[PDB]
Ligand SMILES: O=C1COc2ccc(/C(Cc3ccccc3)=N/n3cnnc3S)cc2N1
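Just the one chain here, the form solved without the ligand, laid out as structure tokens.
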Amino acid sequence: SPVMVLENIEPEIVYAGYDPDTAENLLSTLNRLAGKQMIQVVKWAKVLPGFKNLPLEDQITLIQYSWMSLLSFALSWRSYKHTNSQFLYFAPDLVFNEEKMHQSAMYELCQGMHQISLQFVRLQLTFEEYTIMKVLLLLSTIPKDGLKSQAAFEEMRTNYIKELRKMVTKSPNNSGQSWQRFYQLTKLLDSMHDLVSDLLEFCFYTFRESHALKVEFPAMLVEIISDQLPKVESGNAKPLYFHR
């Protein structure tokens, strides 16, 4: 059972170190927060059953494709646990929602992330469900022509899907609606591809126009986006769906 291991290796909370109250300072602060969070994501994935055994090249590819889904999913969990999904709990010292956003695009991205959090309230998502779904998001995007150890990846992915299904369908808390719930969780994972697509498009823009927009990125994100952007731009990114 990886569930026991998953609870143990779960990263601890990181602070933003918030302040001038401008769009470029908010974005720069969020990006520097992402860099701190990325260190804890990599240490989490390093000791993850199955993933820990894939070639180094495949581990890098997977993290570079899914870093955004992992961070937005963890943000939705914190938002749910600490504010009942009224606000986006980026860090204990940086908590806000759409109402603080004046630019149309920024409001919609903020709202999209809030809508995932509200779906956690509707589902009353548990920590066990969350940790398995988080792993499934790390395994949600692959290169168009596959990975180095494609079969080993397919085995590990199918195993994590089965762990989610057995956990949901065997729980007495879901009696009479366990399959309906499993399909709601898999639909929520598919809908993560849509949200993440939008968060990545704005991220790629603020990255390319970083100097002009005065939007700062930490070294971790500079290196990740530098490798990810040419892969996404060239169509070398295959999102894996449950219902599509």
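When you see a residue number, it is the position in the sequence shown, counting from 1.
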- prompt: According to the entry, are there none, 1 to 3, 4 to 9, or 10 or more residues of the deposited sequence without coordinates between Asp19 and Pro20?
  reply: 1 to 3
query: Hey, which bit's got the bigger mean C-alpha B factor in the entry, 80-88 or 100-108?
result: 100-108
statement: The stretch whose C-alpha atoms carry the larger average B-factor in the entry, 9-17 or 225-233, is 9-17
message: Looking at the C-alpha B-factor values in the deposited entry, which of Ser149, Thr141, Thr131, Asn174 comes out highest?
response: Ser149
message: Quick check on the deposited entry: does the C-alpha B-factor of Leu125 sit in the lowest, middle or highest third of its chain?
response: middle
query: Split the chain's modelled residues into thirds by Cα B-factor; is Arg32 in the lowest, middle or highest one?
result: middle
Chain-wide C-alpha B factor ranking for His114, given as lowest, middle or highest third: lowest
message: Per the entry's values, where does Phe207 land by CA temperature factor relative to the rest of its chain, in the lowest, middle or highest third?
response: middle
- prompt: If you rank every modelled residue in this chain by C-alpha B factor, which third holds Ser69: lowest, middle or highest?
  reply: lowest
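What follows is about the form deposited with the ligand bound, which we do not show.
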field: Shown-form site status with respect to the ligand as positioned in the deposited complex after superposition (2.4 Å backbone/C-beta criterion, 3+ atoms)
entry: blocked
message: Check for me whether the ligand, as it appears in the deposited complex, comes within 4.5 angstroms of all of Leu27, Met106 and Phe202 - heavy atoms only.
response: yes
message: Quick check on this chain: which one of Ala23, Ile9, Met220, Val232 has a heavy atom within 4.5 Å of the ligand in the deposited complex?
response: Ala23
message: Looking at 138-146, 119-127, 154-162, 106-114, which stretch has residues with any non-hydrogen atom within 4.5 Å of the ligand in the deposited complex?
response: 106-114
field: Residue contact check: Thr206 to the ligand in the deposited complex, 4.5 Å heavy atom
entry: yes
query: Taking the shortest heavy atom distance, is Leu213 within 4.5 Å of the ligand in the deposited complex?
result: yes
